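Everything below belongs to coords19.pdb, which stores PDB, C-alpha atoms (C1' of nucleotides).
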ATOM      1  CA  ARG A   1       0.000   0.000   0.000  1.00  0.00           C
ATOM      2  CA  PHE A   2       0.917   3.676   0.085  1.00  0.00           C
ATOM      3  CA  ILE A   3       0.250   6.553   2.462  1.00  0.00           C
ATOM      4  CA  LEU A   4       0.323  10.148   1.231  1.00  0.00           C
ATOM      5  CA  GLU A   5      -0.746  13.549   2.515  1.00  0.00           C
ATOM      6  CA  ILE A   6      -2.159  16.478   0.557  1.00  0.00           C
ATOM      7  CA  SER A   7      -2.328  20.094   1.694  1.00  0.00           C
ATOM      8  CA  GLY A   8      -3.701  23.350   0.382  1.00  0.00           C
ATOM      9  CA  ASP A   9      -5.554  26.537   1.158  1.00  0.00           C
ATOM     10  CA  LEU A  10      -8.780  26.175  -0.801  1.00  0.00           C
ATOM     11  CA  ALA A  11     -10.819  23.344  -2.282  1.00  0.00           C
ATOM     12  CA  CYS A  12     -14.292  22.709  -3.706  1.00  0.00           C
ATOM     13  CA  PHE A  13     -15.871  19.444  -4.836  1.00  0.00           C
ATOM     14  CA  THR A  14     -19.269  20.406  -6.184  1.00  0.00           C
ATOM     15  CA  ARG A  15     -22.307  18.290  -5.524  1.00  0.00           C
ATOM     16  CA  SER A  16     -24.329  17.541  -8.626  1.00  0.00           C
ATOM     17  CA  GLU A  17     -27.770  18.778  -7.557  1.00  0.00           C
ATOM     18  CA  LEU A  18     -26.409  22.313  -7.083  1.00  0.00           C
ATOM     19  CA  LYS A  19     -23.833  22.457  -9.896  1.00  0.00           C
ATOM     20  CA  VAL A  20     -25.365  25.727 -11.106  1.00  0.00           C
ATOM     21  CA  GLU A  21     -24.264  27.630  -7.989  1.00  0.00           C
ATOM     22  CA  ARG A  22     -21.431  25.802  -6.335  1.00  0.00           C
ATOM     23  CA  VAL A  23     -22.080  23.944  -3.085  1.00  0.00           C
ATOM     24  CA  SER A  24     -18.940  22.009  -2.274  1.00  0.00           C
ATOM     25  CA  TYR A  25     -18.843  18.751  -0.373  1.00  0.00           C
ATOM     26  CA  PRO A  26     -17.720  18.684   3.242  1.00  0.00           C
ATOM     27  CA  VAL A  27     -15.271  15.843   2.590  1.00  0.00           C
ATOM     28  CA  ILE A  28     -13.017  14.949  -0.333  1.00  0.00           C
ATOM     29  CA  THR A  29     -14.362  12.733  -3.102  1.00  0.00           C
ATOM     30  CA  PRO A  30     -13.308   9.087  -3.422  1.00  0.00           C
ATOM     31  CA  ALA A  31     -13.469   9.648  -7.159  1.00  0.00           C
ATOM     32  CA  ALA A  32     -11.194  12.657  -6.756  1.00  0.00           C
ATOM     33  CA  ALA A  33      -8.421  10.686  -5.053  1.00  0.00           C
ATOM     34  CA  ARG A  34      -8.204   8.316  -8.013  1.00  0.00           C
ATOM     35  CA  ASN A  35      -7.442  11.183 -10.350  1.00  0.00           C
ATOM     36  CA  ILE A  36      -5.103  12.847  -7.866  1.00  0.00           C
ATOM     37  CA  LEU A  37      -2.960   9.723  -7.853  1.00  0.00           C
ATOM     38  CA  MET A  38      -3.192   9.435 -11.631  1.00  0.00           C
ATOM     39  CA  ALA A  39      -1.945  13.015 -11.905  1.00  0.00           C
ATOM     40  CA  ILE A  40       1.487  12.048 -10.600  1.00  0.00           C
ATOM     41  CA  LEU A  41       1.961   9.072 -12.923  1.00  0.00           C
ATOM     42  CA  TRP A  42      -0.487   8.015 -15.635  1.00  0.00           C
ATOM     43  CA  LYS A  43       0.134   4.787 -17.506  1.00  0.00           C
ATOM     44  CA  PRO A  44      -2.523   3.119 -19.677  1.00  0.00           C
ATOM     45  CA  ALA A  45      -2.073  -0.163 -17.780  1.00  0.00           C
ATOM     46  CA  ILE A  46      -2.582   0.885 -14.144  1.00  0.00           C
ATOM     47  CA  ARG A  47      -5.862   0.853 -12.227  1.00  0.00           C
ATOM     48  CA  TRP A  48      -5.819   2.794  -8.966  1.00  0.00           C
ATOM     49  CA  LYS A  49      -7.881   1.996  -5.888  1.00  0.00           C
ATOM     50  CA  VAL A  50      -8.351   4.102  -2.752  1.00  0.00           C
ATOM     51  CA  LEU A  51      -8.730   2.452   0.647  1.00  0.00           C
ATOM     52  CA  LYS A  52      -8.614   4.959   3.510  1.00  0.00           C
ATOM     53  CA  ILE A  53      -9.072   8.718   3.762  1.00  0.00           C
ATOM     54  CA  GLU A  54      -8.316  10.764   6.874  1.00  0.00           C
ATOM     55  CA  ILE A  55      -9.372  14.303   7.710  1.00  0.00           C
ATOM     56  CA  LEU A  56      -6.873  16.467   9.461  1.00  0.00           C
ATOM     57  CA  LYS A  57      -8.302  19.849  10.437  1.00  0.00           C
ATOM     58  CA  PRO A  58     -11.849  20.987  11.221  1.00  0.00           C
ATOM     59  CA  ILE A  59     -14.048  21.920   8.281  1.00  0.00           C
ATOM     60  CA  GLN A  60     -14.396  25.611   7.526  1.00  0.00           C
ATOM     61  CA  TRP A  61     -16.462  27.534   4.977  1.00  0.00           C
ATOM     62  CA  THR A  62     -16.201  30.736   3.039  1.00  0.00           C
ATOM     63  CA  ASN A  63     -18.220  32.159   0.181  1.00  0.00           C
ATOM     64  CA  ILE A  64     -17.329  33.940  -3.035  1.00  0.00           C
ATOM     65  CA  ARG A  65     -18.706  35.079  -6.394  1.00  0.00           C
ATOM     66  CA  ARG A  66     -17.245  35.930  -9.777  1.00  0.00           C
ATOM     67  CA  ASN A  67     -18.322  36.563 -13.346  1.00  0.00           C
ATOM     68  CA  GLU A  68     -18.846  33.704 -15.773  1.00  0.00           C
ATOM     69  CA  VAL A  69     -19.955  32.847 -19.288  1.00  0.00           C
ATOM     70  CA  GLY A  70     -22.137  29.846 -19.991  1.00  0.00           C
ATOM     71  CA  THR A  71     -21.793  29.164 -23.726  1.00  0.00           C
ATOM     72  CA  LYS A  72     -19.527  26.302 -24.769  1.00  0.00           C
ATOM     73  CA  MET A  73     -17.463  27.530 -27.691  1.00  0.00           C
ATOM     74  CA  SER A  74     -18.139  26.057 -31.135  1.00  0.00           C
ATOM     75  CA  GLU A  75     -16.258  25.903 -34.419  1.00  0.00           C
ATOM     76  CA  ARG A  76     -18.852  27.784 -36.467  1.00  0.00           C
ATOM     77  CA  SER A  77     -18.453  30.810 -34.192  1.00  0.00           C
ATOM     78  CA  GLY A  78     -15.683  33.378 -34.374  1.00  0.00           C
ATOM     79  CA  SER A  79     -15.463  34.605 -30.783  1.00  0.00           C
ATOM     80  CA  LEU A  80     -17.641  35.094 -27.711  1.00  0.00           C
ATOM     81  CA  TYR A  81     -17.745  38.786 -26.725  1.00  0.00           C
ATOM     82  CA  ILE A  82     -18.453  37.877 -23.114  1.00  0.00           C
ATOM     83  CA  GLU A  83     -20.280  41.137 -22.434  1.00  0.00           C
ATOM     84  CA  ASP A  84     -23.411  39.575 -23.948  1.00  0.00           C
ATOM     85  CA  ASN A  85     -23.203  36.400 -21.888  1.00  0.00           C
ATOM     86  CA  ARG A  86     -22.150  37.012 -18.288  1.00  0.00           C
ATOM     87  CA  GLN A  87     -23.749  34.883 -15.559  1.00  0.00           C
ATOM     88  CA  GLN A  88     -22.527  35.780 -12.084  1.00  0.00           C
ATOM     89  CA  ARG A  89     -21.796  32.652 -10.077  1.00  0.00           C
ATOM     90  CA  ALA A  90     -21.360  31.916  -6.381  1.00  0.00           C
ATOM     91  CA  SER A  91     -19.262  29.334  -4.603  1.00  0.00           C
ATOM     92  CA  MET A  92     -18.934  27.706  -1.174  1.00  0.00           C
ATOM     93  CA  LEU A  93     -15.203  27.121  -0.756  1.00  0.00           C
ATOM     94  CA  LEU A  94     -13.617  24.897   1.843  1.00  0.00           C
ATOM     95  CA  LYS A  95     -10.664  26.551   3.553  1.00  0.00           C
ATOM     96  CA  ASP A  96      -7.328  25.238   4.858  1.00  0.00           C
ATOM     97  CA  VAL A  97      -7.558  21.538   4.053  1.00  0.00           C
ATOM     98  CA  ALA A  98      -4.977  18.787   4.362  1.00  0.00           C
ATOM     99  CA  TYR A  99      -5.940  15.150   3.882  1.00  0.00           C
ATOM    100  CA  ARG A 100      -4.283  11.762   4.331  1.00  0.00           C
ATOM    101  CA  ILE A 101      -4.750   8.838   1.949  1.00  0.00           C
ATOM    102  CA  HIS A 102      -4.021   5.117   2.028  1.00  0.00           C
ATOM    103  CA  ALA A 103      -4.280   3.596  -1.433  1.00  0.00           C
ATOM    104  CA  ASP A 104      -2.853   0.976  -3.779  1.00  0.00           C
ATOM    105  CA  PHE A 105      -3.226  -0.145  -7.384  1.00  0.00           C
ATOM    106  CA  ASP A 106      -3.586  -3.159  -9.641  1.00  0.00           C
ATOM    107  CA  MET A 107      -3.146  -4.009 -13.332  1.00  0.00           C
ATOM    108  CA  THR A 108      -5.519  -3.506 -16.236  1.00  0.00           C
ATOM    109  CA  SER A 109      -6.124  -6.134 -18.905  1.00  0.00           C
ATOM    110  CA  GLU A 110      -3.539  -4.550 -21.214  1.00  0.00           C
ATOM    111  CA  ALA A 111      -0.580  -5.432 -19.025  1.00  0.00           C
ATOM    112  CA  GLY A 112       1.904  -4.718 -21.804  1.00  0.00           C
ATOM    113  CA  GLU A 113       5.515  -5.799 -21.958  1.00  0.00           C
ATOM    114  CA  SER A 114       7.019  -3.950 -18.977  1.00  0.00           C
ATOM    115  CA  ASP A 115       4.188  -5.001 -16.671  1.00  0.00           C
ATOM    116  CA  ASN A 116       6.419  -5.259 -13.604  1.00  0.00           C
ATOM    117  CA  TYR A 117       4.549  -4.393 -10.413  1.00  0.00           C
ATOM    118  CA  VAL A 118       7.863  -3.631  -8.734  1.00  0.00           C
ATOM    119  CA  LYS A 119       9.127  -1.146 -11.305  1.00  0.00           C
ATOM    120  CA  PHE A 120       5.892   0.849 -11.265  1.00  0.00           C
ATOM    121  CA  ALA A 121       5.968   0.941  -7.472  1.00  0.00           C
ATOM    122  CA  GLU A 122       9.620   2.009  -7.479  1.00  0.00           C
ATOM    123  CA  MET A 123       9.155   4.784 -10.010  1.00  0.00           C
ATOM    124  CA  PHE A 124       6.086   5.967  -8.093  1.00  0.00           C
ATOM    125  CA  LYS A 125       8.224   6.258  -4.970  1.00  0.00           C
ATOM    126  CA  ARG A 126      10.818   8.128  -7.014  1.00  0.00           C
ATOM    127  CA  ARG A 127       8.346  10.625  -8.459  1.00  0.00           C
ATOM    128  CA  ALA A 128       6.773  11.134  -5.037  1.00  0.00           C
ATOM    129  CA  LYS A 129      10.164  11.932  -3.540  1.00  0.00           C
ATOM    130  CA  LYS A 130      11.458  14.233  -6.276  1.00  0.00           C
ATOM    131  CA  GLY A 131       8.180  15.957  -7.090  1.00  0.00           C
ATOM    132  CA  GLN A 132       7.321  14.631 -10.550  1.00  0.00           C
ATOM    133  CA  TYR A 133       3.995  14.633 -12.413  1.00  0.00           C
ATOM    134  CA  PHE A 134       2.284  15.343 -15.689  1.00  0.00           C
ATOM    135  CA  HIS A 135       0.565  18.266 -13.978  1.00  0.00           C
ATOM    136  CA  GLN A 136      -0.016  19.649 -10.517  1.00  0.00           C
ATOM    137  CA  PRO A 137      -3.049  17.891  -9.015  1.00  0.00           C
ATOM    138  CA  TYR A 138      -6.013  20.171  -8.479  1.00  0.00           C
ATOM    139  CA  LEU A 139      -8.274  20.192  -5.461  1.00  0.00           C
ATOM    140  CA  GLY A 140     -11.506  20.100  -7.436  1.00  0.00           C
ATOM    141  CA  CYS A 141     -10.575  23.096  -9.581  1.00  0.00           C
ATOM    142  CA  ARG A 142      -7.470  24.124 -11.479  1.00  0.00           C
ATOM    143  CA  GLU A 143      -6.908  27.190  -9.336  1.00  0.00           C
ATOM    144  CA  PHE A 144      -6.354  25.419  -6.035  1.00  0.00           C
ATOM    145  CA  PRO A 145      -2.949  23.734  -6.300  1.00  0.00           C
ATOM    146  CA  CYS A 146      -2.171  21.086  -3.722  1.00  0.00           C
ATOM    147  CA  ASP A 147       1.048  19.814  -2.171  1.00  0.00           C
ATOM    148  CA  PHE A 148       1.783  16.175  -1.398  1.00  0.00           C
ATOM    149  CA  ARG A 149       4.452  14.758   0.909  1.00  0.00           C
ATOM    150  CA  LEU A 150       5.231  11.055   0.799  1.00  0.00           C
ATOM    151  CA  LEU A 151       5.216   9.891   4.414  1.00  0.00           C
ATOM    152  CA  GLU A 152       5.056   6.588   6.274  1.00  0.00           C
ATOM    153  CA  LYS A 153       2.623   7.067   9.172  1.00  0.00           C
ATOM    154  CA  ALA A 154       1.847   9.852  11.651  1.00  0.00           C
ATOM    155  CA  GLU A 155       4.026  12.609  10.205  1.00  0.00           C
ATOM    156  CA  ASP A 156       1.625  15.549  10.431  1.00  0.00           C
ATOM    157  CA  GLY A 157      -0.830  17.081  12.869  1.00  0.00           C
ATOM    158  CA  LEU A 158      -2.610  14.397  14.828  1.00  0.00           C
ATOM    159  CA  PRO A 159      -5.720  13.263  12.929  1.00  0.00           C
ATOM    160  CA  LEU A 160      -9.001  14.737  14.153  1.00  0.00           C
ATOM    161  CA  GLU A 161     -10.525  11.492  15.416  1.00  0.00           C
ATOM    162  CA  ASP A 162     -13.597  13.292  16.763  1.00  0.00           C
ATOM    163  CA  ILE A 163     -16.802  11.588  15.707  1.00  0.00           C
ATOM    164  CA  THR A 164     -18.420  13.810  13.123  1.00  0.00           C
ATOM    165  CA  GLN A 165     -21.776  14.136  11.425  1.00  0.00           C
ATOM    166  CA  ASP A 166     -23.396  11.945   8.801  1.00  0.00           C
ATOM    167  CA  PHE A 167     -23.522  12.789   5.117  1.00  0.00           C
ATOM    168  CA  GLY A 168     -25.968  10.342   3.548  1.00  0.00           C
ATOM    169  CA  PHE A 169     -25.165   9.004   0.111  1.00  0.00           C
ATOM    170  CA  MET A 170     -22.124  10.341  -1.669  1.00  0.00           C
ATOM    171  CA  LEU A 171     -20.556  10.369  -5.117  1.00  0.00           C
ATOM    172  CA  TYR A 172     -18.190   7.455  -5.694  1.00  0.00           C
ATOM    173  CA  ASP A 173     -16.903   7.430  -9.289  1.00  0.00           C
ATOM    174  CA  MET A 174     -18.074   7.360 -12.917  1.00  0.00           C
ATOM    175  CA  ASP A 175     -18.098   4.068 -14.819  1.00  0.00           C
ATOM    176  CA  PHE A 176     -15.983   3.790 -17.961  1.00  0.00           C
ATOM    177  CA  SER A 177     -17.332   0.466 -19.222  1.00  0.00           C
ATOM    178  CA  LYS A 178     -20.086   1.254 -21.722  1.00  0.00           C
ATOM    179  CA  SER A 179     -17.664   3.820 -23.156  1.00  0.00           C
ATOM    180  CA  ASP A 180     -14.918   2.952 -25.621  1.00  0.00           C
ATOM    181  CA  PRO A 181     -11.515   4.664 -25.468  1.00  0.00           C
ATOM    182  CA  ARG A 182     -12.016   8.384 -24.668  1.00  0.00           C
ATOM    183  CA  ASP A 183     -15.077   7.905 -22.389  1.00  0.00           C
ATOM    184  CA  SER A 184     -17.916   8.189 -24.909  1.00  0.00           C
ATOM    185  CA  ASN A 185     -20.649   7.980 -22.273  1.00  0.00           C
ATOM    186  CA  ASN A 186     -20.778   7.133 -18.596  1.00  0.00           C
ATOM    187  CA  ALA A 187     -23.065   6.480 -15.636  1.00  0.00           C
ATOM    188  CA  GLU A 188     -22.541   7.437 -11.980  1.00  0.00           C
ATOM    189  CA  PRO A 189     -21.814   4.875  -9.254  1.00  0.00           C
ATOM    190  CA  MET A 190     -22.673   6.050  -5.753  1.00  0.00           C
ATOM    191  CA  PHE A 191     -21.978   4.844  -2.241  1.00  0.00           C
ATOM    192  CA  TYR A 192     -22.871   5.525   1.382  1.00  0.00           C
ATOM    193  CA  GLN A 193     -20.452   7.734   3.293  1.00  0.00           C
ATOM    194  CA  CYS A 194     -21.876   6.678   6.679  1.00  0.00           C
ATOM    195  CA  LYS A 195     -19.927   9.165   8.808  1.00  0.00           C
ATOM    196  CA  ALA A 196     -16.749   7.277   9.592  1.00  0.00           C
ATOM    197  CA  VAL A 197     -15.453   8.159  13.048  1.00  0.00           C
ATOM    198  CA  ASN A 198     -12.260   9.510  11.571  1.00  0.00           C
ATOM    199  CA  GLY A 199     -11.208   7.211   8.732  1.00  0.00           C
ATOM    200  CA  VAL A 200     -13.573   7.014   5.799  1.00  0.00           C
ATOM    201  CA  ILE A 201     -13.199   3.599   4.192  1.00  0.00           C
ATOM    202  CA  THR A 202     -13.939   3.035   0.517  1.00  0.00           C
ATOM    203  CA  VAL A 203     -15.656  -0.311   0.011  1.00  0.00           C
ATOM    204  CA  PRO A 204     -15.149  -1.950  -3.406  1.00  0.00           C
ATOM    205  CA  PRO A 205     -18.126  -3.396  -5.376  1.00  0.00           C
TER     206      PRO A 205
ATOM    207  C1'   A B   1     -10.940  10.268 -17.896  1.00  0.00           C
ATOM    208  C1'   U B   2     -11.238  15.412 -10.834  1.00  0.00           C
ATOM    209  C1'   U B   3     -19.057  16.785 -11.930  1.00  0.00           C
ATOM    210  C1'   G B   4     -13.631  18.356 -14.154  1.00  0.00           C
ATOM    211  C1'   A B   5     -12.325  21.236 -19.016  1.00  0.00           C
ATOM    212  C1'   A B   6     -12.511  27.567 -20.880  1.00  0.00           C
ATOM    213  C1'   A B   7     -15.109  32.020 -17.046  1.00  0.00           C
ATOM    214  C1'   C B   8     -12.848  40.908 -15.619  1.00  0.00           C
ATOM    215  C1'   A B   9     -17.195  43.705 -11.109  1.00  0.00           C
ATOM    216  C1'   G B  10     -16.638  45.781 -14.815  1.00  0.00           C
ATOM    217  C1'   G B  11     -17.361  51.187 -17.410  1.00  0.00           C
ATOM    218  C1'   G B  12     -17.170  57.258 -14.654  1.00  0.00           C
ATOM    219  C1'   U B  13     -19.433  60.937 -10.825  1.00  0.00           C
ATOM    220  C1'   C B  14     -17.254  69.065  -7.758  1.00  0.00           C
ATOM    221  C1'   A B  15     -19.110  69.088  -2.033  1.00  0.00           C
ATOM    222  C1'   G B  16     -20.115  72.578  -3.573  1.00  0.00           C
ATOM    223  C1'   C B  17     -22.230  78.718  -4.316  1.00  0.00           C
ATOM    224  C1'   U B  18     -21.637  82.626   1.324  1.00  0.00           C
ATOM    225  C1'   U B  19     -21.876  85.138   6.332  1.00  0.00           C
ATOM    226  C1'   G B  20     -18.742  91.056  11.565  1.00  0.00           C
ATOM    227  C1'   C B  21     -17.159  88.538  17.951  1.00  0.00           C
ATOM    228  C1'   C B  22     -19.423  92.218  17.694  1.00  0.00           C
ATOM    229  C1'   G B  23     -21.147  97.066  20.300  1.00  0.00           C
ATOM    230  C1'   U B  24     -18.350  99.610  26.911  1.00  0.00           C
ATOM    231  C1'   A B  25     -16.247  99.197  31.634  1.00  0.00           C
ATOM    232  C1'   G B  26     -11.420 102.924  37.393  1.00  0.00           C
ATOM    233  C1'   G B  27      -7.399  99.846  40.438  1.00  0.00           C
ATOM    234  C1'   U B  28      -9.614 102.810  42.842  1.00  0.00           C
ATOM    235  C1'   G B  29      -9.939 105.881  47.942  1.00  0.00           C
ATOM    236  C1'   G B  30      -5.021 106.468  52.124  1.00  0.00           C
ATOM    237  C1'   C B  31      -1.387 105.157  55.852  1.00  0.00           C
ATOM    238  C1'   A B  32       5.706 109.405  59.661  1.00  0.00           C
ATOM    239  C1'   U B  33      11.526 104.346  59.657  1.00  0.00           C
ATOM    240  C1'   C B  34      10.450 105.672  63.220  1.00  0.00           C
ATOM    241  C1'   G B  35      11.972 107.247  69.062  1.00  0.00           C
ATOM    242  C1'   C B  36      18.523 106.979  70.729  1.00  0.00           C
ATOM    243  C1'   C B  37      24.174 106.302  71.891  1.00  0.00           C
ATOM    244  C1'   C B  38      31.913 108.536  73.713  1.00  0.00           C
ATOM    245  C1'   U B  39      36.319 106.122  69.906  1.00  0.00           C
ATOM    246  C1'   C B  40      38.077 106.679  74.566  1.00  0.00           C
ATOM    247  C1'   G B  41      42.688 105.420  77.636  1.00  0.00           C
ATOM    248  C1'   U B  42      48.301 106.393  77.364  1.00  0.00           C
TER     249        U B  42
END
Could you rewrite the structure in this file as structure tokens?
Amino acid sequence: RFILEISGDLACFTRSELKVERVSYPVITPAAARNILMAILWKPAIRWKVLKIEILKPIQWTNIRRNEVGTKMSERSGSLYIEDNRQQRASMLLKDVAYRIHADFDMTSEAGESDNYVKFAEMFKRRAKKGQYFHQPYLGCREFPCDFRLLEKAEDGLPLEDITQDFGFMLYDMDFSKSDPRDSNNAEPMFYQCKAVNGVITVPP
RNA sequence: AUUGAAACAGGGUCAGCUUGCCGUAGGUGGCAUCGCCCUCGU
């Protein structure tokens, strides 16, 4: 397995049912962690899998608004001239978040030639130590860069083990199956968050 | 393959045009620095 910790000032993970005016989750998204790992090192033969997620500091809100346009650009058009399109939008940003993750990975069907578990693990350790990636992982939006330190266990502020509130059902991931290469179309798996005392545990199917 | 991807609170708006701190009213009226002693004695 692997244990990593992420830190940053600001972070939103928007629920679906309010996507129009942002209402971020309280906790991080199990789907999000998958992509955060993939950000460091993407191969077409690796399938990630998240096991444990740990909060570190108490949740804290702030609110914000800025000016937006809501027209996806198209080839037939020449430009946008945003003045004729603006839709002010609001947002519910989490503040001062650092999270801890326990996760591992397995192999896809297309193992390929250099399908060595050990070499992938080794190069992952290398990239984690030196700070290597395709791109800086977001925190739900491109503007909130995060910072990740590869640690073994208990190398940050003591986890906030306090029993916290429920959250009902929560977004899990988005299936890739019925889609060919390049995710033609997808459905939405869910799960039950069920208010883990401190360590939220991602159950597989 | 992050409910992600692209997303200006923007564009300008004098605190201004003016009015006496003035017109007078006393420091007055009146009380002796006095009353007194050697520079002798060769």
Report summary line: Residue with the minimum atom-to-atom distance to chain B, picked from A:126, A:1, A:195, A:86 with only C-alpha atoms (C1' of nucleotides) counted, is A:86
Requested in this report: Do a neighbour search on residue 168 of chain A at 8 Å with only C-alpha atoms (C1' of nucleotides), toss out local chain neighbours closer than 4 positions, and write the hits as a PyMOL selection string.
Outcome: chain A and resi 192-194
Kindly export the residues of the current selection with C-alpha atoms, as a CSV table (one decimal), in the frame of the given file.
chain,number,residue,atom,x,y,z
A,192,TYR,CA,-22.9,5.5,1.4
A,193,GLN,CA,-20.5,7.7,3.3
A,194,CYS,CA,-21.9,6.7,6.7
Requested in this report: Name the residues that the PyMOL selection byres ((chain B) within 12 of (chain A)) picks from the file above, as a list in words, using the file's chain letters and numbers.
Outcome: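 Checking the PyMOL selection byres ((chain B) within 12 of (chain A)) against this file, the residues are residues 1, 2, 3, 4, 5, 6, 7, 8, 9, 10 and 11 of chain B.
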Report task. One decimal, Å: what's the distance from atom CA of residue 49 of chain A over to atom CA of residue 94 of chain A, could you say? Result ->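 A separation of 24.8 Å between them.
Pairwise distance (atom CA of residue 7 of chain A, atom CA of residue 22 of chain A) equals 21.5 Å.
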Query raised in the report: For the atom pair atom CA of residue 90 of chain A and atom CA of residue 135 of chain A, what is the interatomic distance in Å to one decimal place?
Result: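 Distance between the two atoms: 26.9 Å.
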**Report entry** Test item: which residues lie within 6 Å of (0.8, -3.0, -6.7) counting all atoms listed in the file, as a list in words
**Finding:** residues 105, 106 and 117 of chain A
Running the PyMOL selection byres ((chain A and resi 133) around 7) on this model by hand, what would come out? Give it as a compact mmCIF listing (two decimals) with C-alpha atoms, keeping the file's coordinate frame.
# COMPACT_ATOMS: atom_id res chain seq x y z
CA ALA A 39 -1.94 13.02 -11.90
CA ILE A 40 1.49 12.05 -10.60
CA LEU A 41 1.96 9.07 -12.92
CA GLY A 131 8.18 15.96 -7.09
CA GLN A 132 7.32 14.63 -10.55
CA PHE A 134 2.28 15.34 -15.69
CA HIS A 135 0.56 18.27 -13.98
CA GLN A 136 -0.02 19.65 -10.52
How big is the axis-aligned box around the listed atoms of segment 23-31 of chain B once 3 Å is added on each side, and where is its centre? Give both in Å to one decimal, as AutoDock Vina command-line options.
--center_x -11.3 --center_y 101.8 --center_z 38.1 --size_x 25.8 --size_y 15.4 --size_z 41.6
**Report entry** Contacts of residue 63 of chain A within 7 Å, all atoms listed in the file, excl. fewer than 2 positions in-chain, as number ranges by chain
**Finding:** A: 61, 91-93
Could you add N, CA and C atoms to segment 34-51 of chain A and give me the result as an mmCIF file, in the frame of the given file?
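Saved result, part_2.cif, follows:
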data_model
loop_
_atom_site.group_PDB
_atom_site.id
_atom_site.type_symbol
_atom_site.label_atom_id
_atom_site.label_comp_id
_atom_site.auth_asym_id
_atom_site.auth_seq_id
_atom_site.Cartn_x
_atom_site.Cartn_y
_atom_site.Cartn_z
ATOM 1 N N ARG A 34 -8.656 9.057 -6.846
ATOM 2 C CA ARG A 34 -8.204 8.316 -8.013
ATOM 3 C C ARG A 34 -7.431 9.223 -8.954
ATOM 4 N N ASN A 35 -8.080 10.291 -9.401
ATOM 5 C CA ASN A 35 -7.442 11.183 -10.350
ATOM 6 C C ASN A 35 -6.238 11.885 -9.747
ATOM 7 N N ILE A 36 -6.261 12.181 -8.450
ATOM 8 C CA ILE A 36 -5.103 12.847 -7.866
ATOM 9 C C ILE A 36 -3.885 11.948 -7.968
ATOM 10 N N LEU A 37 -4.056 10.665 -7.661
ATOM 11 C CA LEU A 37 -2.960 9.723 -7.853
ATOM 12 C C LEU A 37 -2.550 9.655 -9.315
ATOM 13 N N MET A 38 -3.525 9.535 -10.215
ATOM 14 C CA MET A 38 -3.192 9.435 -11.631
ATOM 15 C C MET A 38 -2.454 10.664 -12.134
ATOM 16 N N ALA A 39 -2.625 11.804 -11.470
ATOM 17 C CA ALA A 39 -1.945 13.015 -11.905
ATOM 18 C C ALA A 39 -0.438 12.855 -11.825
ATOM 19 N N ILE A 40 0.048 12.208 -10.767
ATOM 20 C CA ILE A 40 1.487 12.048 -10.600
ATOM 21 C C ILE A 40 2.057 11.177 -11.707
ATOM 22 N N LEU A 41 1.417 10.039 -11.972
ATOM 23 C CA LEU A 41 1.961 9.072 -12.923
ATOM 24 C C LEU A 41 0.802 8.337 -13.590
ATOM 25 N N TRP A 42 0.517 8.701 -14.836
ATOM 26 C CA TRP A 42 -0.487 8.015 -15.635
ATOM 27 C C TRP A 42 0.184 7.067 -16.612
ATOM 28 N N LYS A 43 -0.107 5.785 -16.480
ATOM 29 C CA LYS A 43 0.134 4.787 -17.506
ATOM 30 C C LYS A 43 -1.200 4.226 -17.964
ATOM 31 N N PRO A 44 -1.277 3.717 -19.193
ATOM 32 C CA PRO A 44 -2.523 3.119 -19.677
ATOM 33 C C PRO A 44 -2.767 1.703 -19.186
ATOM 34 N N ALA A 45 -1.963 1.210 -18.248
ATOM 35 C CA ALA A 45 -2.073 -0.163 -17.780
ATOM 36 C C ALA A 45 -2.336 -0.261 -16.286
ATOM 37 N N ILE A 46 -2.461 0.863 -15.594
ATOM 38 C CA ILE A 46 -2.582 0.885 -14.144
ATOM 39 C C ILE A 46 -4.004 1.261 -13.763
ATOM 40 N N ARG A 47 -4.556 0.543 -12.792
ATOM 41 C CA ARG A 47 -5.862 0.853 -12.227
ATOM 42 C C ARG A 47 -5.671 1.159 -10.748
ATOM 43 N N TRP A 48 -5.981 2.390 -10.352
ATOM 44 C CA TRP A 48 -5.819 2.794 -8.966
ATOM 45 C C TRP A 48 -6.997 2.312 -8.129
ATOM 46 N N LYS A 49 -6.840 2.421 -6.814
ATOM 47 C CA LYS A 49 -7.881 1.996 -5.888
ATOM 48 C C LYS A 49 -7.578 2.608 -4.533
ATOM 49 N N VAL A 50 -8.525 3.369 -3.999
ATOM 50 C CA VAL A 50 -8.351 4.102 -2.752
ATOM 51 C C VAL A 50 -8.956 3.288 -1.622
ATOM 52 N N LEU A 51 -8.268 3.241 -0.485
ATOM 53 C CA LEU A 51 -8.730 2.452 0.647
ATOM 54 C C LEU A 51 -9.159 3.296 1.835
#
